[PDB]
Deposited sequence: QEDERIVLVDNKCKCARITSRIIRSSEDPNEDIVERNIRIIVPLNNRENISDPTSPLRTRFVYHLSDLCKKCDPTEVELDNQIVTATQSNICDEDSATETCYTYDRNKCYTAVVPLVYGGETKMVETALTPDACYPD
């Protein structure tokens, strides 16, 4: 199998495979498999008081498969950099899940003595360490 996309902001995985046929070669078979993981316990925006549970999930194929990173092409005798999509609007996407390799913090005001301080919390405590 060949991995087409593996998206972590919405936790989607797409693979595909060609199975030929040596009997009248228009009965060829092309197969595509999609794997979706739906969370049921986290908010709409990722900040704590927010619309207590997301209950509607929307998956558009063209939004999952996009390649938002440049590339290098050799045209005649030079190498040029090129973009790979039309939809790379300049980051304001709503993610459905957390990412295991990224940080997510929050800011809370607390009181210590006759003052008020503004401290920072951690929502995924494994992934935020100063090293």
Residues of the deposited sequence that never got C-alpha coordinates are 1-4, 95-96
